[PDB]
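Quick notes on the structure that follows.
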Amino acid sequence: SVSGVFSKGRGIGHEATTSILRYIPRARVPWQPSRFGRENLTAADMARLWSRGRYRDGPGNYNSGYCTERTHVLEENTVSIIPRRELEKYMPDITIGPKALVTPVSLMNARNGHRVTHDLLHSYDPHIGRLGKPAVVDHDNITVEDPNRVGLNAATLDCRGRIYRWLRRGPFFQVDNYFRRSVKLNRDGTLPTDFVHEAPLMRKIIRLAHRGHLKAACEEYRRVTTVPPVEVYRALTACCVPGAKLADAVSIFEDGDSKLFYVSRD
Amino acid sequence: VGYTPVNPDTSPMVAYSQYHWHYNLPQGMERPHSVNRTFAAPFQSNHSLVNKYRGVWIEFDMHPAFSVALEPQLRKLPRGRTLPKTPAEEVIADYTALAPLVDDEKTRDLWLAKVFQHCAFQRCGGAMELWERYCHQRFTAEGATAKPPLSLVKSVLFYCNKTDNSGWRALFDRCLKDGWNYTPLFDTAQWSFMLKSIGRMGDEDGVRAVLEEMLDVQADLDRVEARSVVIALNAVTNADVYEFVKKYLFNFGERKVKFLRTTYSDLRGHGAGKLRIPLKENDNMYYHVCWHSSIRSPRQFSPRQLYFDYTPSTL
Amino acid sequence: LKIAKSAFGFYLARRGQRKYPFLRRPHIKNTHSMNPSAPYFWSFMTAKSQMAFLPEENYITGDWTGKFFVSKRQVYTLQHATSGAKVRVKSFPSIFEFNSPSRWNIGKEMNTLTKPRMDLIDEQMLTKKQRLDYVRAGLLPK
Amino acid sequence: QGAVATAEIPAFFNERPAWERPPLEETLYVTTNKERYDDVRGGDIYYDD
Amino acid sequence: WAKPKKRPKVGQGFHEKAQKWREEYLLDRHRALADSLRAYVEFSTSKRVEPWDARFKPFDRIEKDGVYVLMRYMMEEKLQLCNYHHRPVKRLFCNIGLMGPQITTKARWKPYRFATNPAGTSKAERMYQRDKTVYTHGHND
RNA sequence: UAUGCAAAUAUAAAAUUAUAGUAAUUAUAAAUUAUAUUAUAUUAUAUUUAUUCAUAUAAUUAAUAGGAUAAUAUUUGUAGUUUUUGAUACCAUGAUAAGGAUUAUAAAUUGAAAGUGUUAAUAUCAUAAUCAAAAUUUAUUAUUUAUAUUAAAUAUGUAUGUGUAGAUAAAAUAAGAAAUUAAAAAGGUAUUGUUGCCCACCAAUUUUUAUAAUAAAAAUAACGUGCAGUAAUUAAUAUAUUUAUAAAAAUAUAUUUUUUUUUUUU
Ligand SMILES: O=c1ccn([C@@H]2O[C@H](COP(=O)(O)OP(=O)(O)OP(=O)(O)O)[C@@H](O)[C@H]2O)c(=O)[nH]1
Ligand SMILES: [Mg+2]
Ligand SMILES: [Mg+2]
Ligand SMILES: [Mg+2]
Ligand SMILES: [Mg+2]
Ligand SMILES: [Mg+2]
Ligand SMILES: [Mg+2]
Ligand SMILES: [Mg+2]
Ligand SMILES: [Mg+2]
Ligand SMILES: [Mg+2]
Ligand SMILES: [Mg+2]
Ligand SMILES: [Mg+2]
């Protein structure tokens with residue numbers, strides 16, 4: 001007498017809060033009190049639901065190549081899959097691996113706000129790709145499988161309000177959220193300014209500004225992903241002094257003010 | 001007519017009907033609207049402010065004479081928004097060496113405040129001696145009249161808060177009305193750190209004193225960070241202080257209260273890792289927090305859940 | 001549609017014999033894809049330049065468990081013959097297989113080596129009426 | 001007569017002149033505009049209590 | 001709008017029948033293609049009838065005079081080299097320039113399918129006598 | 001085709017049927033039902049050009065969350081599974097098409113309401129939806145016909161046969177066509193009316209009796225044959241004689257409860 005879609009489900013948040021919390025009545029949606037969302041799905045069920053819902057390229061469909069079934073039936077005729085190792089013999093294998101799915105931050109405005117070339121859209125906001133936890137995008141680890149479930153899936157359960165949410169986004173959404181989720185003032189009162197991976201760049205900018213190449217230094221300034229230290233701006237404006245260029249000095253300082261946390265107020 | 005409602009802006013048959021303006025009438029503006037002028041709403045972002053200092057500002061007033069002279073020693077200390085990584089032992093050794101050479105009370109004390117701050121950031125425990133070695137004699141000992149520079153007080157207090165310490169209770173008490181009266185001049189950050197440390201070491205009575213003081217001095221309650229208030233109210237197991245904390249819990253705002261419940265529920269929850277020292281289980285307090293929250297927020301009507309068991313009587 | 005040959009037979013109307021703008025018909029069915037040309041052999045239904053690279057489908061793009069049929073636009077390569085591996089294409093009823101390798105295939109698409117409309121007609125998929133009509137056309141014997 | 005157009009405008013444009021209505025109504029009369037609970041077959045569904 | 005009637009099942013052993021039919025259809029298509037390429041190149045190399053129409057001028061004129069003179073002594077080697085295919089014939093006549101502007105305007109050439117007949121063709125029936133088993137697009141002898 | 005026999009509508013009567021006990025009535029006439037060659041109320045159909053007509057596929061529709069030049073919220077990172085069932089492949093009302101037949105020329109339109117897949121109250125079998133490169137059977141479609149002929153998304157290999165069967169298509173509008181015709185007279189056993197009603201035989205039964213192949217008469221709702229009747233597919237009605245699966249049919253007379261066609265000495 002009981003027909004369900006899934007056999008079992010799980011809770012969003014754990015014992016410490018729940019065991020006490022249950023004593024306070026929560027107001028459920030009046031028309032549809034019982035909520036079963038995609039955050040309530042189990043491991044298997046979620047895996048399956050994230051496979052389906054992407055037309056061809058998506059892992060769920062059988063000929064996408066990510067199919068783990070060893071046999072598939074086309075109209076009463078059973079077909080046995082060809083293993084990839086054998087598929088390689090007549091069809092050369094070119095795989096760059098993960099890194100070819102990610103463009104640098106530079107291109108992001110050209111790409112309309114994305115670093116990610118994957119099948120699903122990837123939002124840099126917390127709430128669209130949110131499962132139980134807030135979504136975070138690994139720029140190293142991106143796979144076709146998408147373990148973290150951060151991508152925007154077209155057909156999955158509960159996708160609708162998310163898709164709407166995406167189409168409702170502000171003009172700078174992608175860019176702004178990428179910028180604020182990373183790059184924030186330290187709990188100490190210390191600037192984010194010092195980061196290992198970007199340091200040689202800042203060294204190059206300063207060293208270039210000191211020999212008086214302003215344009216070169218700026219062309220490298222463009223490539224900077226993180227807030228540059230005060231020394232950078234000191235070097236750039238000090239380079240700006242001899243040739244009398246005022247406008248460029250002012251725009252430098254104006255770039256450091258209120259945009260970048262006032263690194264340039266010094 | 002359908003399951004899709006006519007959107008009344010686009011549809012002429014709405015627009016041009018007798019209950020709205022037809023196109024042959026003269027198309028002017030009907031009535032003016034001043035909304036933003038009559039009642040104005042103050043700005044509170046749902047996101048916290050981006051550029052705020054977020055720490056304790058130690059107020060460096062030094063004369064621009066010694067501030068040149070002491071530069072080689074000072075450079076190792078914190079300036080504005082800059083936190084040099086120099087080992088604490090070295091800085092304390094420098095002050096211990098040179099400071100008696102300089103004659104000013106103000107300069108030496110400002111210097112010392114900076115030393116305390118620098119040590120509070122690295123959490124070195126051997127700083128407190130500098131309080132007992134120089135300052136204790138003229139400020140906290142045996143009713144000495146001298147009144148300490150505010151920078152110094154704030155700095156030492158922040159040190160006691162960062163490095164968990166009992167000594168704070170003697171300083172705090174000196175700063176009330178009858179004493180130095182530095183209490184109204186504290187940053188919101190100061191109160192946050194204070195409540196956090198105090199809640200960690202687990203003094204219900206320290207907490208009650210401090211909240212009393214904050215309420216009286218008109219600190220900014222809702223802008224006191226949630227983490228610290230939750231930790232502080234977590235440590236409270238005593239019946240009287242518990243009563244005080246209900247009655248005090250009403251002193252917050254609607255939003256603040258909801259995110260107190262949320263912060264609390266995250267902190268013994270998934271976000272248990274967010275803390276350096278894990279919390280201690282307080283069930284009654286956490287519960288009463290979620291209860292206060294459920295009370296102050298607006299009520300939604302869920303008739304099926306309320307009246308689920310109801311039955312009519314012909315009595 | 002009259003008979004539902006697929007899912008879409010429920011959704012779609014034929015709308016008589018109806019004209020579409022040039023070279024846009026909703027459902028691409030290339031009946032002409034295999035259409036013998038000796039002189040035009042390299043220019044017909046193939047790459048507009050000989051200097052172009054092979055399509056996406058001549059290469060393994062990612063880590064694959066494996067596939068059932070390779071897409072029909074994948075060009076036949078000398079290795080397709082030599083390696084002696086399964087080469088499958090999705091045609092109707094089920095799948096077409098390159099079984100009997102030849103060098104005359106090389107450098108054309110299997111879009112071109114697979115006859116879309118076969119002269120072999122099963123009578124088991126036909127209604128009695130349909131069989132009658134095909135008899136009218138002088139296709140089926142009777 | 002019947003309605004050609006309808007617009008929401010403040011009531012101080014047309015409201016019964018000060019000498020027609022009873023004296024200060026804000027102070028001496030407690031008035032709530034409310035809806036009839038019963039089904040009304042004709043007339044207005046909002047009455048002034 | 002009638003509810004579409006469902007399509008009957010596929011059939012049995014039909015998958016093998018179809019695999020087989022297409023397979024050997026291709027193995028046949030190989031000899032089709034080979035034969036047709038032979039026929040095409042063979043056509044390309046072999047001689048053809050004269051592409052011009054002798055019913056108009058500058059061609060009707062006696063083969064001892066006018067254009068033909070220009071053809072015999074100056075152009076002959078070139079015309080015989082390209083086997084009188086109408087495209088290079090017309091192009092050579094363009095490049096000889098001693099006719100110059102007239103090649104397209106005044107002069108007149110046999111229609112495509114007639115100009116394609118083998119040298120020594122007598123009767124028009126020769127258009128429909130060419131092999132029909134070969135795919136050259138009327139480009140075979 | 002009036003030498004045998006042979007009274008018989010031209011009205012003396014008291015509700016229909018029925019041999020004078022059967023059923024509860026019957027009969028009836030003018031409402032209503034689109035085409036029968038009328039004068040030009042003021043102008044024309046008898047010209048032109050056409051006809052080889054095909055195309056659909058690889059399943060998850062359920063919610064809100066704001067960031068630089070803003071007087072300070074980590075609200076950085078906002079975490080309470082699980083009691084409902086229709087638009088589905090499936091029964092599940094509505095609503096807009098196509099379709100030339102008599103309001104005309106002046107300051108002027110040659111496209112109509114009578115409903116053609118997708119739309120709003122009947123629920124109780126199922127995920128069937130394009131994001132490429134794909135499988136002809138469907139009444140409802142104007143294709144290039146002999147000087148020169150495949151380069152950018154991939155783009156149609158088949159049918160030369162005396163402009164040739166039957167049968168079909170379009171047009172009187174910035175084009176060019178010119179004289180043959182059409183308006184007025186009509187019936188209903190039905191009663192939103194011909195997809196209407198009825199007629200006999202052919203079984204059971206019910207009931208009265210004046211028992212003739214097989215009694216008669218009256219109620220009656222099966223089955224099977226037809227198609228008798230409503231000017232009704234050779235008009236009907238009455239008598240007469242004949243004929244016979246069944247209504248009925250043939251002939252002889254009278255007759256309209258049938259519709260009309262009309263020379264005041266040519
Ligand atoms: O409200 C917040 C949010 C985040 N954090 C972040 O959590 C880390 C550890 O969280 P804790 O808040 O437990 O460490 P702490 O009190 O010793 O840190 P201080 O305030 O003394 O610096 C902190 O060092 C900071 O990175 C907070 O301290 N408070
Ligand atoms: Mg779908
Ligand atoms: Mg309809
Ligand atoms: Mg009897
Ligand atoms: Mg009887
Ligand atoms: Mg009769
Ligand atoms: Mg009859
Ligand atoms: Mg009759
Ligand atoms: Mg009769
Ligand atoms: Mg008779
Ligand atoms: Mg009879
Ligand atoms: Mg009779």
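Ligands are numbered from 1 in the order shown, residues from 1 within each chain, and chains are lettered A, B, ... in the order they appear in the structure tokens.
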Write down as a ChimeraX atom specification the residues belonging to chain D that are assigned strand (DSSP E or B) by DSSP computed on the backbone. /D:33-35,46-48
Would you save the residues of that selection, restricted to C-alpha atoms, as a PDB file, in the first residue's frame?
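For reference, again_1.pdb as written:
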```pdb
ATOM      1  CA  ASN D  33     -13.331  49.683   8.911  1.00  0.00           C
ATOM      2  CA  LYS D  34     -14.067  45.981   8.765  1.00  0.00           C
ATOM      3  CA  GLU D  35     -15.514  43.179   6.677  1.00  0.00           C
ATOM      4  CA  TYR D  46     -16.912  46.540   3.843  1.00  0.00           C
ATOM      5  CA  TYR D  47     -18.743  48.415   6.553  1.00  0.00           C
ATOM      6  CA  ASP D  48     -17.620  50.980   9.057  1.00  0.00           C
TER       7      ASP D  48
END
```
Which neighbours of residue D:7 fall inside 10 Å, counting only C-alpha atoms (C1' of nucleotides), when residues of the same chain fewer than 3 positions from it are skipped, and could you give them as a PDB file with N, CA, C and O atoms, in the first residue's frame?
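As written to disk, part-v3.pdb reads:
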```
ATOM      1  N   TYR B  19     -11.204  49.625 -14.121  1.00  0.00           N
ATOM      2  CA  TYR B  19     -10.593  49.674 -12.808  1.00  0.00           C
ATOM      3  C   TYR B  19      -9.157  50.170 -12.865  1.00  0.00           C
ATOM      4  O   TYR B  19      -8.454  50.173 -11.860  1.00  0.00           O
ATOM      5  N   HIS B  20      -8.725  50.582 -14.049  1.00  0.00           N
ATOM      6  CA  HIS B  20      -7.411  51.190 -14.234  1.00  0.00           C
ATOM      7  C   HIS B  20      -7.502  52.285 -15.302  1.00  0.00           C
ATOM      8  O   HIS B  20      -8.599  52.712 -15.661  1.00  0.00           O
ATOM      9  N   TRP B  21      -6.363  52.765 -15.786  1.00  0.00           N
ATOM     10  CA  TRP B  21      -6.352  53.886 -16.724  1.00  0.00           C
ATOM     11  C   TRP B  21      -6.337  53.423 -18.188  1.00  0.00           C
ATOM     12  O   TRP B  21      -5.394  52.770 -18.628  1.00  0.00           O
ATOM     13  N   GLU B  30      -0.750  60.144 -11.257  1.00  0.00           N
ATOM     14  CA  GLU B  30      -1.962  60.219 -10.429  1.00  0.00           C
ATOM     15  C   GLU B  30      -1.726  60.940  -9.118  1.00  0.00           C
ATOM     16  O   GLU B  30      -2.378  61.942  -8.835  1.00  0.00           O
ATOM     17  N   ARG B  31      -0.837  60.388  -8.295  1.00  0.00           N
ATOM     18  CA  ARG B  31      -0.447  60.994  -7.022  1.00  0.00           C
ATOM     19  C   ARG B  31       1.049  60.898  -6.848  1.00  0.00           C
ATOM     20  O   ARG B  31       1.664  59.937  -7.315  1.00  0.00           O
TER      21      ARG B  31
ATOM     22  N   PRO D  10      -5.275  60.278  -2.220  1.00  0.00           N
ATOM     23  CA  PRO D  10      -5.557  60.594  -0.817  1.00  0.00           C
ATOM     24  C   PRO D  10      -6.927  61.210  -0.615  1.00  0.00           C
ATOM     25  O   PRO D  10      -7.416  61.948  -1.466  1.00  0.00           O
TER      26      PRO D  10
END
```
Could you list, as a PDB file with C-alpha atoms, in the first residue's frame, the residues of chain B having an atom within 7 Å of chain F when counting only C-alpha atoms (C1' of nucleotides)?
```pdb
ATOM      1  CA  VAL B   1      -8.677  31.855 -16.864  1.00  0.00           C
ATOM      2  CA  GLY B   2      -6.155  29.034 -16.588  1.00  0.00           C
ATOM      3  CA  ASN B  46      23.019  41.340   5.683  1.00  0.00           C
ATOM      4  CA  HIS B  47      26.760  41.027   4.955  1.00  0.00           C
ATOM      5  CA  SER B  48      29.221  42.322   7.560  1.00  0.00           C
ATOM      6  CA  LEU B  49      31.325  45.396   6.693  1.00  0.00           C
ATOM      7  CA  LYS B  52      36.445  47.505   9.386  1.00  0.00           C
ATOM      8  CA  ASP B 222      23.685  43.587  18.463  1.00  0.00           C
ATOM      9  CA  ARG B 223      27.019  44.416  16.872  1.00  0.00           C
ATOM     10  CA  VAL B 224      28.887  42.476  19.557  1.00  0.00           C
ATOM     11  CA  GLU B 225      30.045  39.437  17.604  1.00  0.00           C
ATOM     12  CA  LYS B 256      20.724  39.201  16.562  1.00  0.00           C
ATOM     13  CA  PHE B 259      21.761  34.409  14.682  1.00  0.00           C
TER      14      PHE B 259
END
```
Return as a list in words the residues belonging to chain A that are within 7 Å of chain F, counting only C-alpha atoms (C1' of nucleotides).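 Written out as asked, the residues are residues 9, 10, 11, 12, 13, 18, 21, 36, 40, 55, 132, 133, 134, 155, 156, 157, 158, 161, 180, 258 and 259 of chain A.
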Serialized selection, C-alpha atoms, as a PDB file, in the first residue's frame:
```pdb
ATOM      1  CA  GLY A   9      16.713   9.281   3.839  1.00  0.00           C
ATOM      2  CA  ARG A  10      18.876  11.170   6.344  1.00  0.00           C
ATOM      3  CA  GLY A  11      18.975  14.327   8.456  1.00  0.00           C
ATOM      4  CA  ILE A  12      20.658  17.605   7.558  1.00  0.00           C
ATOM      5  CA  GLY A  13      22.318  18.314  10.897  1.00  0.00           C
ATOM      6  CA  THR A  18      18.657  17.807  17.277  1.00  0.00           C
ATOM      7  CA  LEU A  21      15.970  21.073  19.381  1.00  0.00           C
ATOM      8  CA  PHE A  36      12.154  15.756   1.490  1.00  0.00           C
ATOM      9  CA  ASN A  40      18.068  14.426   2.534  1.00  0.00           C
ATOM     10  CA  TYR A  55      21.594  15.233 -21.772  1.00  0.00           C
ATOM     11  CA  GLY A 132      23.789  20.399   3.155  1.00  0.00           C
ATOM     12  CA  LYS A 133      26.807  22.611   3.552  1.00  0.00           C
ATOM     13  CA  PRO A 134      27.753  25.809   1.787  1.00  0.00           C
ATOM     14  CA  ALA A 155      17.030  18.247 -14.122  1.00  0.00           C
ATOM     15  CA  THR A 156      17.716  17.003 -10.531  1.00  0.00           C
ATOM     16  CA  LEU A 157      15.144  17.038  -7.723  1.00  0.00           C
ATOM     17  CA  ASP A 158      14.954  20.507  -6.071  1.00  0.00           C
ATOM     18  CA  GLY A 161      14.359  27.399  -7.377  1.00  0.00           C
ATOM     19  CA  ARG A 180      34.776  38.410  -1.664  1.00  0.00           C
ATOM     20  CA  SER A 258      38.289  51.767  -1.165  1.00  0.00           C
ATOM     21  CA  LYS A 259      38.636  49.129  -3.832  1.00  0.00           C
TER      22      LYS A 259
END
```
Quick one, how far is atom CA of residue C:10 from atom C1' of residue F:55?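 Computing it gives 17.8 Å between the two atoms.
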How would you write, as a PyMOL selection string, the set of residues no farther than 6 Å from ligand 7 when counting only C-alpha atoms (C1' of nucleotides) and all ligand atoms? chain F and resi 227-228+232
At a cut-off of 12 Å around ligand 5, and using only C-alpha atoms (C1' of nucleotides) and all ligand atoms, what residues come up? Please write them as a list in words.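 Going residue by residue within 12 Å of ligand 5, we get residues 207, 208, 209, 211, 214, 215, 216, 217 and 218 of chain F.
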Keeping only N, CA, C and O atoms (P, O5', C5', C4', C3', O3' and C1' of nucleotides), write the selected residues as a PDB file, in the first residue's frame.
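Printed below is selection16.pdb as written:
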```pdb
ATOM      1  P     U F 207     -55.095 -15.825 -18.124  1.00  0.00           P
ATOM      2  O5'   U F 207     -56.439 -15.046 -18.471  1.00  0.00           O
ATOM      3  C5'   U F 207     -56.654 -13.720 -18.003  1.00  0.00           C
ATOM      4  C4'   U F 207     -57.551 -12.936 -18.931  1.00  0.00           C
ATOM      5  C3'   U F 207     -58.749 -13.679 -19.493  1.00  0.00           C
ATOM      6  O3'   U F 207     -59.803 -13.825 -18.563  1.00  0.00           O
ATOM      7  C1'   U F 207     -57.720 -12.439 -21.217  1.00  0.00           C
ATOM      8  P     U F 208     -60.956 -14.908 -18.833  1.00  0.00           P
ATOM      9  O5'   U F 208     -62.176 -14.026 -19.347  1.00  0.00           O
ATOM     10  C5'   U F 208     -63.271 -14.636 -20.007  1.00  0.00           C
ATOM     11  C4'   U F 208     -63.800 -13.780 -21.130  1.00  0.00           C
ATOM     12  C3'   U F 208     -64.527 -14.536 -22.225  1.00  0.00           C
ATOM     13  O3'   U F 208     -65.850 -14.912 -21.881  1.00  0.00           O
ATOM     14  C1'   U F 208     -62.957 -13.121 -23.224  1.00  0.00           C
ATOM     15  P     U F 209     -66.143 -16.408 -21.351  1.00  0.00           P
ATOM     16  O5'   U F 209     -67.595 -16.745 -21.928  1.00  0.00           O
ATOM     17  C5'   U F 209     -67.766 -17.332 -23.211  1.00  0.00           C
ATOM     18  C4'   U F 209     -67.497 -16.344 -24.324  1.00  0.00           C
ATOM     19  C3'   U F 209     -67.837 -16.827 -25.723  1.00  0.00           C
ATOM     20  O3'   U F 209     -69.198 -16.621 -26.049  1.00  0.00           O
ATOM     21  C1'   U F 209     -65.651 -15.926 -25.717  1.00  0.00           C
ATOM     22  P     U F 211     -68.186 -21.217 -31.176  1.00  0.00           P
ATOM     23  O5'   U F 211     -67.931 -22.040 -32.506  1.00  0.00           O
ATOM     24  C5'   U F 211     -67.043 -23.140 -32.497  1.00  0.00           C
ATOM     25  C4'   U F 211     -65.730 -22.798 -33.150  1.00  0.00           C
ATOM     26  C3'   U F 211     -64.951 -24.012 -33.644  1.00  0.00           C
ATOM     27  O3'   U F 211     -64.229 -23.670 -34.824  1.00  0.00           O
ATOM     28  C1'   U F 211     -63.677 -22.874 -32.015  1.00  0.00           C
ATOM     29  P     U F 214     -55.130 -27.673 -39.743  1.00  0.00           P
ATOM     30  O5'   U F 214     -55.316 -26.587 -38.592  1.00  0.00           O
ATOM     31  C5'   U F 214     -54.666 -26.742 -37.333  1.00  0.00           C
ATOM     32  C4'   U F 214     -54.184 -25.424 -36.776  1.00  0.00           C
ATOM     33  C3'   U F 214     -55.191 -24.275 -36.851  1.00  0.00           C
ATOM     34  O3'   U F 214     -55.076 -23.452 -35.683  1.00  0.00           O
ATOM     35  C1'   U F 214     -53.216 -23.677 -38.009  1.00  0.00           C
ATOM     36  P     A F 215     -55.688 -23.932 -34.267  1.00  0.00           P
ATOM     37  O5'   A F 215     -56.813 -22.860 -33.924  1.00  0.00           O
ATOM     38  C5'   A F 215     -56.744 -21.531 -34.416  1.00  0.00           C
ATOM     39  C4'   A F 215     -57.989 -21.178 -35.191  1.00  0.00           C
ATOM     40  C3'   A F 215     -58.373 -19.702 -35.195  1.00  0.00           C
ATOM     41  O3'   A F 215     -57.713 -18.973 -36.215  1.00  0.00           O
ATOM     42  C1'   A F 215     -60.230 -20.973 -34.525  1.00  0.00           C
ATOM     43  P     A F 216     -57.127 -17.510 -35.922  1.00  0.00           P
ATOM     44  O5'   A F 216     -58.420 -16.644 -35.568  1.00  0.00           O
ATOM     45  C5'   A F 216     -59.430 -16.402 -36.544  1.00  0.00           C
ATOM     46  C4'   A F 216     -60.586 -15.620 -35.970  1.00  0.00           C
ATOM     47  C3'   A F 216     -60.210 -14.356 -35.214  1.00  0.00           C
ATOM     48  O3'   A F 216     -59.972 -13.249 -36.060  1.00  0.00           O
ATOM     49  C1'   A F 216     -61.700 -15.613 -33.904  1.00  0.00           C
ATOM     50  P     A F 217     -58.716 -12.292 -35.774  1.00  0.00           P
ATOM     51  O5'   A F 217     -59.207 -11.344 -34.591  1.00  0.00           O
ATOM     52  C5'   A F 217     -60.411 -10.601 -34.705  1.00  0.00           C
ATOM     53  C4'   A F 217     -60.913 -10.145 -33.357  1.00  0.00           C
ATOM     54  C3'   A F 217     -59.910  -9.401 -32.492  1.00  0.00           C
ATOM     55  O3'   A F 217     -59.776  -8.037 -32.833  1.00  0.00           O
ATOM     56  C1'   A F 217     -60.903 -11.086 -31.206  1.00  0.00           C
ATOM     57  P     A F 218     -58.315  -7.373 -32.880  1.00  0.00           P
ATOM     58  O5'   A F 218     -57.988  -7.042 -31.347  1.00  0.00           O
ATOM     59  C5'   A F 218     -58.747  -6.077 -30.622  1.00  0.00           C
ATOM     60  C4'   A F 218     -58.512  -6.150 -29.127  1.00  0.00           C
ATOM     61  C3'   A F 218     -57.074  -6.019 -28.649  1.00  0.00           C
ATOM     62  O3'   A F 218     -56.578  -4.693 -28.629  1.00  0.00           O
ATOM     63  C1'   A F 218     -58.038  -7.862 -27.590  1.00  0.00           C
TER      64        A F 218
END
```
Using only C-alpha atoms (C1' of nucleotides), which residues sit within 10 Å of residue C:126 once same-chain residues fewer than 5 positions away are excluded, as an mmCIF file with N, CA and C atoms, in the first residue's frame?
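What follows is the written file out_23.cif:
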```
data_model
loop_
_atom_site.group_PDB
_atom_site.id
_atom_site.type_symbol
_atom_site.label_atom_id
_atom_site.label_comp_id
_atom_site.auth_asym_id
_atom_site.auth_seq_id
_atom_site.Cartn_x
_atom_site.Cartn_y
_atom_site.Cartn_z
ATOM 1 N N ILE C 121 13.437 -4.638 -46.151
ATOM 2 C CA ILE C 121 12.291 -4.183 -45.384
ATOM 3 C C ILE C 121 11.671 -5.312 -44.602
ATOM 4 N N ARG C 131 1.828 -2.688 -45.145
ATOM 5 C CA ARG C 131 2.360 -3.664 -46.079
ATOM 6 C C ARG C 131 1.653 -3.535 -47.427
ATOM 7 N N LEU C 132 0.330 -3.380 -47.391
ATOM 8 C CA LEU C 132 -0.440 -3.107 -48.607
ATOM 9 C C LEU C 132 0.119 -1.918 -49.383
ATOM 10 N N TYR C 134 3.075 -0.449 -49.212
ATOM 11 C CA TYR C 134 4.394 -0.716 -49.755
ATOM 12 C C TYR C 134 4.286 -1.609 -50.977
ATOM 13 N N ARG E 7 3.828 1.838 -32.079
ATOM 14 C CA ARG E 7 4.572 1.112 -33.093
ATOM 15 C C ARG E 7 4.793 -0.326 -32.644
ATOM 16 N N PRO E 8 4.554 -1.295 -33.549
ATOM 17 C CA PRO E 8 4.765 -2.735 -33.314
ATOM 18 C C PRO E 8 6.229 -3.074 -32.986
ATOM 19 N N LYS E 9 6.497 -4.280 -32.486
ATOM 20 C CA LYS E 9 7.853 -4.618 -32.053
ATOM 21 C C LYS E 9 8.779 -4.755 -33.253
ATOM 22 N N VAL E 10 10.072 -4.945 -33.010
ATOM 23 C CA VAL E 10 11.031 -4.825 -34.101
ATOM 24 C C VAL E 10 10.904 -6.022 -35.017
ATOM 25 N N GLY E 11 11.284 -7.180 -34.506
ATOM 26 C CA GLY E 11 11.198 -8.406 -35.268
ATOM 27 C C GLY E 11 12.291 -9.302 -34.752
#
```
Up to 8 Å from chain C, what residues of chain F turn up? Count only C-alpha atoms (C1' of nucleotides) and give them as a VMD selection string. chain F and resid 55 to 57 117 128 to 129 133 to 135 137 140 to 141 150 to 152 154 to 157
Just the residues within 12 Å of residue E:83, please, counting only C-alpha atoms (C1' of nucleotides), with nothing from its chain fewer than 3 positions along; format it as a VMD selection string. chain E and resid 42 to 51 76 to 80 86 to 89 115 to 119
If the limit is 12 Å from any atom of ligand 10, counting only C-alpha atoms (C1' of nucleotides) and all ligand atoms, which residues qualify? Return them as a VMD selection string. chain F and resid 237 to 243 248 to 252
Dump C-alpha atoms (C1' of nucleotides) for the selected residues as a PDB file, in the first residue's frame?
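Everything below was put into selection_14.pdb:
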```
ATOM      1  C1'   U F 237     -57.782   5.919 -51.650  1.00  0.00           C
ATOM      2  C1'   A F 238     -62.800   2.659 -52.460  1.00  0.00           C
ATOM      3  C1'   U F 239     -65.435  -1.336 -54.823  1.00  0.00           C
ATOM      4  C1'   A F 240     -64.638  -5.438 -58.037  1.00  0.00           C
ATOM      5  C1'   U F 241     -61.756 -10.206 -59.814  1.00  0.00           C
ATOM      6  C1'   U F 242     -57.204 -12.605 -59.550  1.00  0.00           C
ATOM      7  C1'   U F 243     -52.374 -13.562 -57.127  1.00  0.00           C
ATOM      8  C1'   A F 248     -49.254  -6.613 -50.330  1.00  0.00           C
ATOM      9  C1'   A F 249     -49.006  -7.040 -56.111  1.00  0.00           C
ATOM     10  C1'   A F 250     -51.646  -7.368 -61.373  1.00  0.00           C
ATOM     11  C1'   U F 251     -55.970  -6.002 -64.052  1.00  0.00           C
ATOM     12  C1'   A F 252     -61.467  -3.504 -64.429  1.00  0.00           C
TER      13        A F 252
END
```
Might you pull out every residue within 12 Å of residue E:103, with only C-alpha atoms (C1' of nucleotides) counted and same-chain residues fewer than 2 positions away left off, and present them as a list in words?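 Near neighbours after the sequence-gap exclusion: residues 52, 53, 56, 57, 58, 59, 67, 89, 90, 91, 92, 93, 94, 95, 96, 97, 98, 99, 100, 101, 105, 106, 107, 108 and 109 of chain E; 147 and 148 of chain F.
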